[PDB]
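# Secondary and tertiary structure notes
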Number of protein chains: 2
Amino acid sequence: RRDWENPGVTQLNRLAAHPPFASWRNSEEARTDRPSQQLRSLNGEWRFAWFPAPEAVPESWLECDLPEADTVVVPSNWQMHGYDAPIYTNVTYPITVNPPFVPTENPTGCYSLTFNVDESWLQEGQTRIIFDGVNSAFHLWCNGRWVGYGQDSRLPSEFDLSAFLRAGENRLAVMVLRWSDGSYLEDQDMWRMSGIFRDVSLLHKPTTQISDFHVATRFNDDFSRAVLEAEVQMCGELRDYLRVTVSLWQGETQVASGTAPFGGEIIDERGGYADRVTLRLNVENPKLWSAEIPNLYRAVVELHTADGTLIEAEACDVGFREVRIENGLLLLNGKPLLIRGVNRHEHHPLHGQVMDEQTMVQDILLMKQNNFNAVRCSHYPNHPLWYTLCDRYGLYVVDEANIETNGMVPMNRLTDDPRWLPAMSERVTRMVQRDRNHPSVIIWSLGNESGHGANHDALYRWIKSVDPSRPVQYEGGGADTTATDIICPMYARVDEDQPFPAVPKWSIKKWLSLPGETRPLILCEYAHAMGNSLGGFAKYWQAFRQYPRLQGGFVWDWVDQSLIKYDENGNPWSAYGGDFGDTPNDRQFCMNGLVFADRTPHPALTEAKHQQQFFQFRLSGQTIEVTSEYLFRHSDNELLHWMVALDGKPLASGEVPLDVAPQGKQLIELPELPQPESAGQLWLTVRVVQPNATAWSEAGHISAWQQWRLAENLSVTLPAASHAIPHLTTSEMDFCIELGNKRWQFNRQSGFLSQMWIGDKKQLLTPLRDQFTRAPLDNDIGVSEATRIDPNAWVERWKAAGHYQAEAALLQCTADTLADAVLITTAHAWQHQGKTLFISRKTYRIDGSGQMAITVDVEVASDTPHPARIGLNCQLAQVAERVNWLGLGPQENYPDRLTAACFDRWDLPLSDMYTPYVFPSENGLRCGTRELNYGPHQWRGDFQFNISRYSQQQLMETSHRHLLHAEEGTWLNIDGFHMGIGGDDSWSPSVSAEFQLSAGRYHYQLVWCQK
Amino acid sequence: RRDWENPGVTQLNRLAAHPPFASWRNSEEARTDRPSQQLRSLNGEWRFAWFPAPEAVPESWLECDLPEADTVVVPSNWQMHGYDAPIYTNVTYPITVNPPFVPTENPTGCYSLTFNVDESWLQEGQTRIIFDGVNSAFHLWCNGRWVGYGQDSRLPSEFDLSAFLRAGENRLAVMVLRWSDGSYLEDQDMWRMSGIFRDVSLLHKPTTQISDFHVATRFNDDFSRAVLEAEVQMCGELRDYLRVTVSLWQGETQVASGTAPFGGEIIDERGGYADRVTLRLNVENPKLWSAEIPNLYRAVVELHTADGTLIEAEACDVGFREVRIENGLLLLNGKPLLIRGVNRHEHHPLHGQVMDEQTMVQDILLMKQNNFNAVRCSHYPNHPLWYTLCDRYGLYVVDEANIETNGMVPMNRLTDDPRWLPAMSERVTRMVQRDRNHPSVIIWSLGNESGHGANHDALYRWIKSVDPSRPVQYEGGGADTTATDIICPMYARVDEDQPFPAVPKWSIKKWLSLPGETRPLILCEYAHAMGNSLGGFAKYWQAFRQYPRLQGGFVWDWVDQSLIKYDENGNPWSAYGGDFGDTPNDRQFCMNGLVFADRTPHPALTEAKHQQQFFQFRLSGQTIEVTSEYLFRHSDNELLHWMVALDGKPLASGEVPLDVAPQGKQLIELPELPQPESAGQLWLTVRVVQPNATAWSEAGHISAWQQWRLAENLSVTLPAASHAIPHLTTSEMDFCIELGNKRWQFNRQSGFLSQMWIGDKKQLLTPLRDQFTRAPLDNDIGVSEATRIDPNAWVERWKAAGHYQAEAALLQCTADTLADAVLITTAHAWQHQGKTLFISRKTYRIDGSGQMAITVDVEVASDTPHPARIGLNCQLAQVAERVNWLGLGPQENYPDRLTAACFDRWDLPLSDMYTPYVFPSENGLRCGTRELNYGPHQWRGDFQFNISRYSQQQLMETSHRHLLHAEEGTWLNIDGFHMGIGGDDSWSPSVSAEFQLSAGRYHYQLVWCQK
Ligand SMILES: [Mg+2]
Ligand SMILES: [Mg+2]
Ligand SMILES: [Mg+2]
Ligand SMILES: [Mg+2]
Ligand SMILES: [Mg+2]
Ligand SMILES: [Mg+2]
Ligand SMILES: [Mg+2]
Ligand SMILES: [Mg+2]
Ligand code: NA
Ligand code: NA
Ligand code: NA
Ligand code: NA
Ligand code: NA
Ligand code: NA
Ligand code: NA
Ligand code: NA
């Protein structure tokens, strides 16, 4: 049979799901979480062979190793080993939509392993094999005999091997199919890979054993008392001497215990469960678990005899916390959460979808270090270790079933069909059975982008009945269907409604108060971090803090799914969709992270960190008011540092410890300051520093900051007297001005400053010209494609309007000599096909001091698409090591993404002024700048700028960062104004009106001088 | 594979479920529900062979008929043909409980059929086979090639044979397994049979076809306006030229119509169902459907090209009705129902579980003629014609999923197990998909006696999402769980609580008001009609009428499940559990019907008819107030007949047309009546008669009656003197009295009347003695067995106290001669092992008129269990043809089951005075009798009696009615007092206290005379 083309068969001979087991045979090791000799890993070197279809696998493989197989590491995705290509498709299925069939050319991975077992395992007990993750479906044989089959690439599939085992060498043969009917439920937006990608193990349990256990914690009104209730189930022969004891430990101290024989309460007319027992433990003043203080206890479940012999033990970490929705609010331990969440796929640039402890830890540390307190398992149950880490390090988790049918038309075609209820059910039920005891899991999710089908309603109900301790959410079909306890839209905007038929995305503030609505609202996905993005992030935060029922959301997403490829040289580079010959593909849409694949942050990460701070501040006079947003912990590892600076120059600073209760406030009166009558703006910067290291941060970690302008002293003094006067030399073709060893040349045909010299040294490679466009950001492009243009996209709108192609017609170019200067006046019109898009009017005033003051007045046609920027650009001859500026920084910042940047004097190496987005675009801009220094040059004004060795033209024409080459000299883009970058989504225009350049008339001025 | 030992495989290659199709190619034939040339029946003669296990079937059978096969009729249950035995087990499974496995010895039925297929069916379109019922699982081969597999004995399994058939002769091969994993969900209390027991048919559909259609009817506030909405789905060639036209007809008039192209509304981000269309038809003043007036329209669903070519048409009967629960009440068309329901299994004494039109009709007529308006499909979907019939004749139906796991321990072991969710889902979903357009179905049920599992919660929700038009109910787990919209207990009593742990059965009146409860309460099963039962029926009806939220119930059950067996002589006899060698078995527990297996009524039927009347009456002076309980109809086929009689002698009578609106009242003042001087009691009897025949009844059918005592003239008349005095003659052994041609002999050693002569003919075969016991009723025995006594059962309590074996000890016997009479006085004590149980003191006064007056005063020890009766008995020498009595009748009636009986003078053949319950017991009693005539004898008094050719001893000792033998003479039991019969259930004592003989002292008197 082709069990892989039949949704009614999702497994054969598979054992029931259950929470993590180790079959410890020693209570103290179980207590300590130490290794169990009854649980062995079979990870390591296996033998593998790839085939084009299951029909090509030779029968001989069942009995013996194929000489042509290779030895490979398991776990692994075979594409990562180069056997076939990974495919990056977003919504459209990677296979023909024809349920339940799959391609007859179905890549098949034949894995095998030779192994043996302890003699005692041949003697007695049950030995099972556990495959934590096999993508997408597989058949298993042991010593040539068929064992079973399994589907669901994201949950463990276990089989009893007891009767197949033999003395000596044994051989497993695992036939893995790339595609199966399970693939119709695995349409997540990510690389499409396959293989045995999570752990493989053997677990030796007794025949009379703990087959399942559920831990629940209920509380009194003030959480000062709890009842821990643990239902324990057994398999095997019941005997009157058996007992179960459940003990609760706080570290090495036993705090509570309960023992009882098997036999549950009567539950119906036929009696009760003779094979279960529920123990109830009273716990006084329990230490509560939260992401803020992940307090944990240890529960040890022992199956033993009345007379004291242990048969076996199981165990888990227990977090005492209550999750409930009441009055429209999601409460944890009675307090309303504010979710600083992120969606996180399991992705590694070299290993594909194989997760390792080091990586998970790294991600958790970075998440916490960047003020995240929650994660959504987009969009499947994760590797088991993730939950352990989240329980211990403390992050709220949304555990999500591995069901995504995005590519169907309409999206609920399968989810509304009863024939698919069975396969879907297991993806939900087996997840709960496995994960229900992890305290970090606070919400269950039914899957993602599968429309809204009756199967969802049935499953929603099943979970609510089986585990009332956690709310259930699901975004499909409109985000507020009968299958979700939380309104949980993806990409709904803060103030702006997007009233799509059937499934509108209302402004989140409006959504809450729709007639009859009362649920809390937490975005399952928001702030699409694709390339230069995160524009408008602060808008969300502000709303979340203002509206009780807006309880946060999960950013999309943590890490870019870029894959490493190698060039002819052996040099690695980041690859995206299509880079493997995969087609159709969705190009750079797999890169939406706050961090690059290797975990290096993108600039947007700081913006997120700042907006998600846990301390709020207000300034009044000299009093700084600090407000704690923590719900549970006191600020016991924080100090406030403050500093006052005059235009970058340090004037004063100090420190004061924070001593604020959760939700409390603290007033700090700044000492009396000094009075510098020296002109300039004074600025106050405060930072919260954690003096002590923690399990997730180093000593000195900065967790929050904020700045304010203090007194300003406008300069009223006149600059020193003009020693000299510059000379004008005219030709039909140029206006040349000379001053000392300095010269400026203005082309009279083009009307631009075409050259400048310090001595005989030329300073420009390209003339100084107005610039109205930018190499488009991913948000500017959306889903627009050459092949399939989206005319509504920003980029398309600017192309169609001719912005990229308009030519500067000269309207006027004059020169006047003044008393102590030369004044050049210019006027240009940029037109397109006869339409004048923009008019720039300028004056350049060069005086005896050698400074060139530029004044620019631009007019933009009201009917042309608002332009990406309004500035000047040129290629300087010079290449200098550093960039020093007085403005916002130090990192890249844009108008709608600069709240995290601070105003001060920064100085970085030039390359730091370039942001290496894998898909290149305008980047590295810094706003609010009053002075910029590079080499001998100094520009002053109130502008935005970027500076790098790459032209806007080069960035726009180059699809991968590894292909960029430094140009001669340095490209400087100085803007009077720059359009926001947007990001509410990356497939429709998202830059908010206030960050669009629509004023029609714009003015700016700059002074260019040397030194 | 052993697919039949795997709950994960419930079918292979089976087509989707859908409502009844016929694929008409002419719309008028569809409109008329005439036969379709595209839907053929394959019922008829098939070939069959029985095997002890599937492993015994020879491979040749796939390719050709087995010479040893027999030709048999299909559909059939093979047990009915004698291949193996049917098994009658109630709760305990017929197989070892070891899910999901079955016995390796598993009776296999090999059916085959060679049949014809016309080439035209194969030139185009699709040809499918449909098996309406195969118990319990089967594999299908066509022309030697494997086609597929199916489970669920009670719904249709359809397979596409398009590619397997060829023009001309074709051969099917069906391997039917008696046991499969489906059996774990098929543990209903009925005979365990197997085979192809529902219709087999062949359906041709076009390639582009109607694959499903759902019809809904929504109304305005007063039901004066409706919108019929029909969603239609297609499969096949989707093109712009297709259209759907739905037309609605009332008779030959088209009332509405709509046409539309395919493509439903947008449902989500991926669009809508391009293969679906919803038509909405407005209908003004629709004729509403109810069980009272089953008004129907015909909807024709035409799939056609826009230019006019009908592709195919499907159609259904539509009943405009709304079902909804509001404010705690179940309403139909806005009015609260009162369910006069009955549970009905599909059972035929000769054909087993095979149903036929005639039988169904016969049952529906009798149900209606007996004032039932509702039926519950206990406990599985029914043969398809049942629904058509309830739609047309008018009965409300509870459609029930084929899920019963009663024998599990605890009962929800499988239903709370997610691994059984898929198998259960199919049973619920496919039922709804098939029966959702039938107006008769008003409530869906999740199955029966399967405890309460999370699977039920999930499924409850699925239905509520897919079909909001009908409430969902389910009794398991305590009858008021979260999986039921209706409190639907089985056997909860009216006033008496039964507080079992976990699943108590509260009094129904108390249940409605438990803190927080608001749902309506309708018993899914009540009034267990096993043997002589239905005692207490009236108590239920009084509560139902009194409490709004008590909306009725469904009696258990309609027809006894007895099977015909043939004796040596070839005479048929009714058999029950164990009569086929089947063991273990549950004996007579399969017979619980209001009617015998051949549809002959049991006496309880008339009690149900009466209590379930649709007209209530009150009498005030000579005014009769009639109140209608109809909700929607006027009494347009009814007249009131009234009659007054003096002790059975007709005095006056009349008829008055009834004209009452639904829920209305009518007052009818009767004529000045007879006030006769003559002694006796005047009795008024009124009957409601339907003058015109209907679809379900004959002209003159009586639908209701009631009686009242009017004036009573007590006799004060002295009997004239007798020209005679009886003479006494004594001896040590006897007292003999003679008077004219009459003689009486009283034995002085026994203390009883041992003989009487009329003329010179002996009148007694056994002496006249007190009797305190009865041949126990099924309700007296309950579950007690020799092998496992239930000491709480009435029969056991009487046995243990010695009632059945107590011997009369004579305490006194004297004779005295009076003025004009001889008086004999006796006293006897009945003892057991030293305990005096009862004392009987009597006097017999024989006067000169020849009458013998007997006075009896009994004492019953307060500490002995209340006795079954307090009466006398004797075997008369005479056998006479008729029995004439003045008292309640004419049918058998008991203290707690006599409301239906009317007081009058009745006269029946002797044989009618015996009720042939299959399992013999005390029977034929008539209560409230004032005079009894049999042969030359007349007895007068105020007593209850029975009279037949069978002694109480014989009835108690014989297990089956066909084994009873008429004794010499006639046994007469004349009771002063008789215990109620009970019946609230048949497994615990159920006789209400007011019907138990607990007074301690009892007095009765009779006069025995001639004529
Ligand atoms: Mg499959
Ligand atoms: Mg998606
Ligand atoms: Mg593409
Ligand atoms: Mg099966
Ligand atoms: Mg027509
Ligand atoms: Mg043709
Ligand atoms: Mg049952
Ligand atoms: Mg038995
Ligand atoms: Na909030
Ligand atoms: Na993406
Ligand atoms: Na502190
Ligand atoms: Na680019
Ligand atoms: Na009622
Ligand atoms: Na029964
Ligand atoms: Na009438
Ligand atoms: Na009997």
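### Remarks on the overall build of chain A
Along its length, chain A carries 13 helices and 58 strands. The C-alpha atoms of chain A give a radius of gyration of 33 Å, which matches the 30 Å a tight globule of 1011 residues would have. Across its three principal directions, the C-alpha atoms of chain A cover 110 × 70 × 55 Å. Residue pairs at least 24 apart in sequence account for 71% of intrachain contacts in chain A once pairs closer than 6 positions are excluded. On chain A, roughly 36,800 Å² of surface is accessible, and the fraction owed to carbon and sulfur atoms is 50%. If you average the places of the 86 positive and of the 125 negative side-chain charges in chain A, the two averages end up 2 Å apart.

### Topic: the side chain of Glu-426 of chain A
Structurally, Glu-426 of chain A can be placed in helix α6 (residues 421–435). Residues contacting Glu-426 of chain A, with those up to four places away along its chain left out, are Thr-10, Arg-14, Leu-155 and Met-431 of chain A.

### Concerning the relation of the copies chain A and chain B
Placing chain A over chain B gives an RMSD of 0.3 Å and needs a rotation angle of 180 degrees, together with 0.1 Å of translation along the axis. Such values leave the two copies arranged in the relation of a two-fold axis. Most of the interface of chain A is mirrored in chain B, where 98% of its interface residues are also at the interface.

### A look at the sheet that holds strand β25 (residues 335–336) of chain B
Strand pairs in the sheet, formed through backbone hydrogen bonds, run parallel or antiparallel to each other. Residues and elements named next belong to chain B. Taken in spatial order, the three strands line up as β23-β24-β25 in an open sheet, and their pairing is antiparallel. In this open sheet, the two edge strands, each paired with only one partner strand, are β23 (323–326) and β25. With two bridges joining them, strand β24 (residues 329–332) and β25 adopt antiparallel strand pairing. Note on β25: the bridge partner recorded for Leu-332 is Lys-335.

### With respect to the interface of chain A and chain B
You'll often see interface size given as the accessible area lost when the parts meet. Chain A puts 52 residues into the contact, and the matching count from chain B is 52 residues. For the pair chain A and chain B, the summed buried area comes to about 4,300 Å², and 54% of that belongs to carbon and sulfur atoms. For the pair chain A and chain B, the interface holds four salt bridges. Measuring nitrogen to oxygen at the nearest pair gives 2.7 Å for the salt bridge that ties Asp-3 of chain A to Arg-1 of chain B. Remark: the boundary between chain A and chain B carries 20 residue pairs in polar contact. For the side of chain A that touches chain B, the elements supplying multiple residues, two or more each, are α6 and α7 (454–466) of chain A. Looking at the side of chain A that touches chain B element by element, the count peaks at nine residues for α7 of chain A. Tallied by class, residues from the side of chain A that touches chain B come to 24 nonpolar, 14 polar and 14 charged.

### With respect to the packing of aromatic side chains
Residues and elements named next belong to chain A. Enumeration over the complete set of coordinates arrives at 76 aromatic pairs over all chains. Where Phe-746 meets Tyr-844, the ring centres are 4.7 Å apart and the plane angle is 70 degrees; that geometry is what we call edge-to-face. Here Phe-746, found in strand β44 (residues 742–747), pairs with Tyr-844, found in strand β50 (residues 835–847); they are 98 residues apart in sequence, far enough to count as distant. Across this residue pair, the class does not change: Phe-746 and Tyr-844 are buried.

### So, the domain arrangement of chain A
All names here are of chain A. In terms of domain boundaries, chain A breaks down into domain 1 (1–206), domain 2 (207–321), domain 3 (322–612), domain 4 (613–718) and domain 5 (719–1011). Summarising the inter-unit geometry, the C-alpha centres of domain 4 and domain 5 are found 35 Å apart. With seven residues of domain 4 in contact, the opposing surface of domain 5 contributes nine residues. Where domain 4 abuts domain 5, roughly 730 Å² becomes buried across the two surfaces, and 58% of that area is made up of carbon and sulfur atoms. When the area that domain 4 buries against domain 5 is broken down by residue, the three leading residues are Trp-705, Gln-707 and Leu-718, summing to 49%. The interface formed by domain 4 and domain 5 includes zero salt bridges. For the pair domain 4 and domain 5, the interface holds two residue pairs in polar contact.

### Description of the pattern of salt bridges
Applying the stated criterion to the full structure yields 123 salt bridges over all chains. Notably, a salt bridge pairs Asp-495 of chain A with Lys-509 of chain A, separated by 2.7 Å at the nearest N-O pair. Highlighted residues: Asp-495 of chain A in the loop between β30 (472–473) and α8 (508–512) and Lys-509 of chain A in helix α8, separated in sequence by 14 residues. Between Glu-312 of chain B and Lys-205 of chain B there is a salt bridge, with its nearest N and O atoms 2.8 Å apart. Taken as a pair, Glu-312 of chain B in strand β22 (residues 310–318) and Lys-205 of chain B in strand β15 (residues 200–205) lie far apart in primary sequence, 107 residues in all. Here the salt bridges do not stand alone but share partners, grouping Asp-33, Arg-298, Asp-317 and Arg-392 of chain A into one network.

### Topic: the packing of helix α9 (residues 537–546) of chain A against helix α10 (residues 604–611) of chain A
Residues and elements named next belong to chain A. Relative to each other, α9 and α10 sit at 15 degrees, their axes nearing to 10 Å. In this view, α9 runs roughly parallel relative to α10, as classed from their interaxial angle. α9 and α10 meet at a crossing whose hand is right-handed. Residues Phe-537, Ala-538, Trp-541 and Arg-545 of α9 touch α10, and the partners they reach there are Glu-607, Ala-608 and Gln-611.

### Some remarks on the nonpolar core
In terms of nonpolar packing, the biggest core is built from 189 residues, with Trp-558 and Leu-594 of chain A together with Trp-558 and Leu-594 of chain B touching the most fellow members. No other element matches the seven residues that helix α7 (residues 454–466) of chain B contributes to this core. With residues near it in sequence (within four places) discarded, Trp-558 of chain A still touches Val-342, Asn-343, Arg-344, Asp-363, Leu-366, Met-367, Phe-372, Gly-593, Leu-594, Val-595 and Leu-605 of chain A. Among the nonpolar cores identified, the runner-up in size contains 71 residues, and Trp-744, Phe-752, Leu-753 and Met-913 of chain A belong to it.

### A word on the packing of α7 of chain A against α7 of chain B
Put simply, α7 of chain A and α7 of chain B touch, their axes get as near as 8 Å, and they point 145 degrees apart. Considering the relative orientation of α7 of chain A and α7 of chain B, their crossing is right-handed. Across the interface between the two elements, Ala-454, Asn-455, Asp-457, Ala-458, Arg-461, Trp-462, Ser-465 and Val-466 of chain A of α7 of chain A pack against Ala-454, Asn-455, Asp-457, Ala-458, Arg-461, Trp-462, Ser-465 and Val-466 of chain B of α7 of chain B. For the contact of α7 of chain A with α7 of chain B, the residue count by class is eight nonpolar, four polar and four charged.

### Re the sheet that holds β22 of chain B
Residues and elements named next belong to chain B. Taken in spatial order, the four strands of this open sheet run β19-β18-β21-β22, and their pairing is antiparallel. Looking along the sheet, the strands with just one partner apiece sit at the ends: β19 (253–261) and β22. Across the sheet, the mean angle from the axis of one strand to that of its neighbour is 15 degrees, orientation sign disregarded.

Thresholds applied
- Residues numbered from 1 in each chain as written, not as in the entry; some residues may be left out.
- Chains lettered and ligands numbered in written order.
- Part of a larger assembly, values for the part shown.
- Heavy atoms only, no water.
- Helix = DSSP H or I, 4+ residues; strand = E, 2+ residues; numbered from the N terminus.
- Rg over C-alpha atoms; globule rule 2.2 N^0.38 Å.
- Contact = heavy atoms within 4.5 Å.
- Areas by Shrake-Rupley, 256 points an atom, 1.4 Å probe, with all protein chains shown as cover.
- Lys, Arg positive; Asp, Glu negative; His and termini not counted.
- Charge placed at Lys NZ, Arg CZ, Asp CG, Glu CD.
- Least-squares fit on C-alpha atoms.
- Pairing = 2+ DSSP bridges.
- Buried area = accessible area lost by both parts, 1.4 Å probe.
- Salt bridge = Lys/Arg side-chain N within 4 Å of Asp/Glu carboxyl O.
- Polar contact = N/O pair within 3.5 Å; in protein donor to acceptor, adjacent residues only side chain to side chain.
- Nonpolar A, V, L, I, M, F, W, Y, C, P; charged D, E, K, R; others polar.
- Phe/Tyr/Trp six-rings, centres within 6.5 Å; stacked < 30°, edge-to-face > 60°.
- Buried < 20%, exposed > 50% of the residue type's maximum accessible area, 1.4 Å probe, protein only.
- Domains from an automatic or database assignment.
- Axes fitted to C-alpha atoms, helices over the stretch in contact; angles between N-to-C directions.
- Parallel < 35°, antiparallel > 145°, perpendicular 65-115°, else oblique.
- Left-handed = near helix turned anticlockwise from the far one by under 90°.
- Core = buried A, V, L, I, M, F, W, Y, C linked by side-chain atoms within 4.5 Å.

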